[PDB]
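These notes concern the structure reproduced below.
2 protein chains.
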Amino acid sequence: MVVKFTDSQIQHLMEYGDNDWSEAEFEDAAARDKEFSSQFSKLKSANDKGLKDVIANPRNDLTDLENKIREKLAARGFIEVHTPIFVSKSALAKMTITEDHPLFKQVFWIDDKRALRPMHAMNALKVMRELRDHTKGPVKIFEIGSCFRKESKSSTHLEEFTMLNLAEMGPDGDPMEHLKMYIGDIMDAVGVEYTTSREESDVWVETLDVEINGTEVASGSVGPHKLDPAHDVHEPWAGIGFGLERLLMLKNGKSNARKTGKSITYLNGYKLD
Amino acid sequence: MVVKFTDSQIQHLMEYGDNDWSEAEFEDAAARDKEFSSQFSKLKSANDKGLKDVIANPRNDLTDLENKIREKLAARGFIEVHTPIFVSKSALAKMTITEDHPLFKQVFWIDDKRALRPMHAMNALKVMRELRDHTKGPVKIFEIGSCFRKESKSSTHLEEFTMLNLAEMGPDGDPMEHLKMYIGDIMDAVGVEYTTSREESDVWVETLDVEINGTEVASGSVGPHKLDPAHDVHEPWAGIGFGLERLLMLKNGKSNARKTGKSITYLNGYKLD
């Protein structure tokens, strides 16, 4: 008659760690509580030790990751942009984010037309379309900034999280080949092994699912999309958005099903409260 | 008897430039329209050459200023934090932002309880309180991120702008002296001359108005505020927030009536459309 950690114990453990304690089984209640107190003390000790080291040696892993990504993309000729968080309902639709899209329900709305961006794609292609007027070759940009999606039980994102989005319009070659190359640069900066799978699409020219340790991290997209509310850009282009806190969580290899993103309770992954 | 640029002509020049066109005087309307055509052509050509060079040599002046600020605050022992943009209506209150405060009407509201942060002060004080439980010396944190205020004619901010906020709680000395010290670092990173005026306040222990080229840029705060309709923390702390785009705009010494902040229209100060 095996027992597992209580729901309260699982909640406590996943706040201070990245392992998966949901499948740990024990002989009875006593062994369960004995192993919880041991593991919780170790996590609490490692958390407070790490937090003291951050005060003594200040650092921000997210900032460090962002600057390493900038170094990688700068070497590829990418321009970094800062675009507004507010996006229109029309721009969302032209990125296939219509009322039928499952992301439409997760969108925060400021008014009846302005919304908090759930992704950088809408603003990215607006900037690149303007840059085409100033160059005849590939347009390569990226942005690092907050995106907003209402929290659901299925998504491991917090309501606010930091997304890196990169895009190339009019590449000198296959867009998907270039996209794969740029994803390699991002995973190098994170320092993690990864897998990619080219998938057929009724919406895009092609999609590229990226997985780390068997967990899907992001999905890339190529070319103009095929949906009836079409986009203004008809040149071939590729882009992909990565949740940076998610990449930092999967950096150590483990995933604790704890939602990643902007939090006031965590600092370099260590619990403050 | 002397003519000056029309309101329409100044608006055309300000889209491509930062210079002060209000001081231009001309013999008659013919010389005024001649100079406008010449100046507008020069600005547009310089705008397109600069943008072309950004494609040739990617850079982002805002990112570079942020990293210069990090280099200077890291040498002072500051920790960079990333806090949520969503702040509670109560959190505004404990930070003096009540219905009586003129900033309350500029606040974007997502729902009844959550709002878009107009400053970093609320979250900064919360993070410093939690960091007090892990160290007993000075707590030095800072955040760079977007803040939101509904545009008004009195404010030179766009509705979204990048704000840098630094704060120190329980310093090893006078809070105001340490605050003036960190302000000097920021202005050194921006590379601009500034003035500070210690101003007594009925709200805070003391306020410090910061000005660049005669225009007030920011106002620092010291200690727990005295107003106290609700209540706050008892530990002395000092903090100040700067609009970073505004700092880049004021760096050249000239200030246009063009609002600063996040824009889809500009890239490194160059007009895209």
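So the sequence lines, in the order shown, correspond to chains A and B. Everything in the first sequence is counted per our numbering, starting at 899 for the first residue and increasing by one. Everything in the second sequence is counted per our numbering, starting at 899 for the first residue and increasing by one. No residue lacks a Cβ here, since even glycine has one placed at the ideal position from N, Cα and C.
Have a look at the options and flag the residue whose alpha-carbon is nearest the alpha-carbon of residue i.
i	options	result
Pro1127(A)	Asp998(A), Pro982(A), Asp946(A) and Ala922(A)	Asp998(A)
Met1079(B)	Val1131(B), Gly1035(B), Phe984(B) and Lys970(B)	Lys970(B)
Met912(B)	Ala929(B), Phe934(B) and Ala928(B)	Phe934(B)
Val1101(B)	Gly1118(B), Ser988(B) and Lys947(B)	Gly1118(B)
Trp1135(A)	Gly975(A), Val1103(A) and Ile1081(A)	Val1103(A)
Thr1033(B)	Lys940(A), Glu921(A), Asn965(A) and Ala954(A)	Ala954(A)
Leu1170(B)	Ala944(B), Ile1138(B), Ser936(B) and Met899(B)	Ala944(B)
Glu1049(B)	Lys1157(B), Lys966(B) and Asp905(B)	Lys1157(B)
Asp946(B)	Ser1099(A), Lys1149(A) and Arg1030(A)	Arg1030(A)
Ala1116(A)	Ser986(A), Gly948(A) and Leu1077(A)	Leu1077(A)
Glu1075(B)	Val1120(B), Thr904(B), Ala972(B) and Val1131(B)	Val1120(B)
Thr1105(B)	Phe984(B), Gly1139(B) and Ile1162(B)	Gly1139(B)
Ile995(B)	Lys1149(B), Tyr1164(B) and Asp1130(B)	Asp1130(B)
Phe976(A)	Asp1009(A), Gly948(A), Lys1038(A) and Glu1114(A)	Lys1038(A)
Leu1014(A)	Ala927(A), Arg1047(A) and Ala1155(A)	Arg1047(A)
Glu1114(A)	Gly1089(A), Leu1148(A), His1123(A) and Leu1125(A)	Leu1148(A)
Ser986(A)	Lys950(A), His1018(A), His910(A) and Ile1084(A)	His1018(A)
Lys1124(B)	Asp1072(B), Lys932(B), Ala991(B) and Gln907(B)	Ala991(B)
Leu1165(B)	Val952(B), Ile1110(B), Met899(B) and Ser906(B)	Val952(B)
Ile1084(B)	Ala972(B), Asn1154(B) and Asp926(B)	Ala972(B)
Is residue i near residue j, with beta carbons less than 7 Å apart?
i	j	result
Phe938(A)	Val901(A)	no
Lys1152(B)	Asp916(B)	yes
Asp1070(A)	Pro1036(A)	yes
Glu964(A)	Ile1042(A)	yes
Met993(A)	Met1020(A)	yes
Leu1064(A)	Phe1040(A)	yes
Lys966(B)	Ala1087(B)	yes
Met1067(A)	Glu978(A)	no
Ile983(A)	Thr981(B)	no
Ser1095(A)	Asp1107(A)	yes
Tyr1168(A)	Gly948(A)	yes
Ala922(A)	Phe903(A)	yes
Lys942(B)	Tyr914(B)	yes
Any idea which residues DSSP pairs residue i with across the strands?
i	result
residue 1172(A)	Look at the range of chain A in this structure, 899 to 1171, and you will see that residue 1172(A) is not part of it.
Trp919(A)	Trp919(A) is not bridged to any residue.
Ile1138(A)	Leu1064(A)
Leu911(A)	Paired residues: none, contrary to the question.
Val901(A)	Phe924(A)
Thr1113(B)	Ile1110(B)
residue 1187(A)	Within the shown structure, residues of chain A are numbered from 899 to 1171, placing residue 1187(A) beyond reach of any answer.
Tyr1164(A)	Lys1169(A)
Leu1014(A)	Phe984(A)
Quick check: does the Cβ of residue i come within less than 6 Å of any heavy atom belonging to the ligand MG?
i	result
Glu913(A)	What this structure holds is no ligand at all, so the ligand MG is not there to describe.
Would you say residue i reaches chain D, if we count a Cβ-Cβ gap shorter than 7 Å as a contact?
i	result
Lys1160(B)	No chain D is present in this structure, whose protein chains are A and B.
Do the region 1039-1058 of chain B and the region 1138-1157 of chain B make contact, defined as three or more Cβ pairs closer than 8 Å? yes
Just to confirm the assignment: which complete alpha helix (DSSP H) runs, minimum length 4, are found wholly within the region 940-1006 of chain B? 959-973 and 987-992
Contained alpha helix (DSSP H) runs [length at least 4] in the region 1016-1075 of chain B, N- to C-terminal order: 1019-1030
Is there contact here, the region 1058-1065 of chain A with the region 957-976 of chain A, by at least three beta-carbon pairs under 8 Å? yes
Should the region 986-1004 of chain A be regarded as contacting the region 987-1005 of chain B, the criterion being three or more beta carbon pairs within less than 8 Å? no
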